[PDB]
Structure formats: structure tokens, C-alpha cells
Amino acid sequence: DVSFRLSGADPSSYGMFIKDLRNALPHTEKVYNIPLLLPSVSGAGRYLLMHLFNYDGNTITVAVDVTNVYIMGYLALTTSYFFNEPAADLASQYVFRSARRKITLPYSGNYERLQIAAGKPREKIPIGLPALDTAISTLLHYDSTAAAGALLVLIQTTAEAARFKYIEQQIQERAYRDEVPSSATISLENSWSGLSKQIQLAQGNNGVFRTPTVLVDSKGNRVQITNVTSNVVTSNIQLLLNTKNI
């Protein structure tokens, strides 16, 4: 398992957590020196548990699919909560089985559906360590509309930060003040699958992407990524979604 405590948290301890999260994801191969997530894992080994504690020391445990870093569900006290999707229903066969009851959330875990449930795009939702503290607190007691917003914060401050060093850094910058994600952050989130695929396709193509990936950069400028020499590949991305899952 991995853990993170908001009480006394700072950019360093958050960085240690994101490092722990990355290191808990199994891989047998690196592609251009980036860990390649496994095609599949059978049984309970498929799910990583993240123990997150809010400032007051209350806790949820979040179940993460180690093949794609997707959040499947979470446990809050004696109630488990899972997304309304087959991958999460499958996960519910393995994690949080001792929960006294199981609630299936009234949406799947994908950004589009969460944003609709939340009533706002995540362009407009501040993220940061304070926002994560709020998210944990919200998820402690069931409220599906509020939970959608909390889950958008949670996904971005855990999974997306694990996937991209830039996003980790953005959260570290928001250690004591929330701020809506940069357009570059949004872009990277949306492009993780595409980037993962193209980095893998570059292996037998002299490091060249078969199809360019369009990103928005730090300055808000839309740019094309065409090969593995780009800083996004060398610097930024920390985990690759296996093409067998794309």
C-alpha cells in the first residue's frame, strides 16, 4: 500500500507520496526509459490501496488499478464506493469486501461523466493540497454530486501527478493555495493514452511518433510532439499505458 497525510504536508512529503505511488505500480519493461505498465494483472494484485488522511486524521482508502492508474473506488469508514463501470464492479470482487455496505456511485470514473455529475468542467475546479484535504473530507460522507467534484480533485492530485512530473510540480506549487489546473495540465491528462501509445509506436520507428500529439505548453501555446526527443517524453511522462489497453 501507499499512504499520504495532509496533516503537516508540504511539497516534499507530497513528492515522497507521488514517488511511492509510482514505485508501487509494477512493470517489467521500460520504453525510452519510462516504466511500461503491465498489459494485465490477475486477481487482487491488480489493485493498489492508497491510504489518504485529511488534516484532522480521518481517512479513506482508494483502490487504484495498477495497469492504468484508474481509481476504481474507495472505502470510507464501513462503506465502500465504486464507479458505475465494469472495471470497478470487477474490482469490488477483490477490495473492501469487509465493508458493511457497498454503494455504486451514479456515474463512471471518466472525466466527462464526473464533470457532468459535478456540474462543472475541471478547468474551473481548483486543485492543490488544500483541495485534496477537502476531497477526502467530502468522500467521508456520501453525497454523489459533491463526490464527483472531490473525485476530479482526487484523480488529478494522485493518478495524474504520478503520470506526469509537470502535474506533480503543479500540485507542489499549490501546497497551501488551490488554483485551477493550467491548460497544459488539462492537455497532458487528456493526452496520456495518446502519448503512451506513440512512445511505444516509436520503438520500431526510429523514435518517431506514427501520429503527432498536440499539447498545450506552459505558456498556453499549442504545440506538436512528433518524437521521443521532446521534453514531454524525456522529462515529464513517468508511466506508460500499455498499447494492449489502448
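Numbering starts at 1 and follows the sequence shown.
*Asks:* Given the B-factors recorded for C-alpha atoms, which segment has the greater mean, 213-221 or 25-33?
*Replies:* Going by the record's values, the stretch with the higher mean is 213-221.
*Asks:* Which of the two stretches, 184-192 or 41-49, shows the higher mean Cα temperature factor in the record?
*Replies:* That would be 41-49.
*Asks:* Based on what the PDB entry reports, which of 127, 155, 147, 77 has the top C-alpha B-factor?
*Replies:* Answer, based on the entry's C-alpha B-factors: 77.
*Asks:* Please say which third, lowest, middle or highest, residue 94 falls into when its CA temperature factor is compared across its chain.
*Replies:* It falls in the top third of the chain.
*Asks:* What third of its chain, lowest, middle or highest, does the C-alpha temperature factor of residue 84 fall into?
*Replies:* Middle third, going by the recorded CA B-factors of the chain.
*Asks:* If you rank every modelled residue in this chain by C-alpha B factor, which third holds residue 228: lowest, middle or highest?
*Replies:* It belongs to the highest third of the chain when residues are ordered by C-alpha B-factor.
*Asks:* Sorting the chain's modelled residues by C-alpha B-factor, tell me whether residue 109 ends up in the lowest, middle or highest third.
*Replies:* Within its chain, residue 109 is a middle-third residue by C-alpha B-factor, going by the deposited values.
*Asks:* Lowest, middle or highest third: which one holds residue 174 when the chain's residues are ordered by CA B-factor from the entry?
*Replies:* Ranked within chain, residue 174 CA B lands in the lowest tercile.
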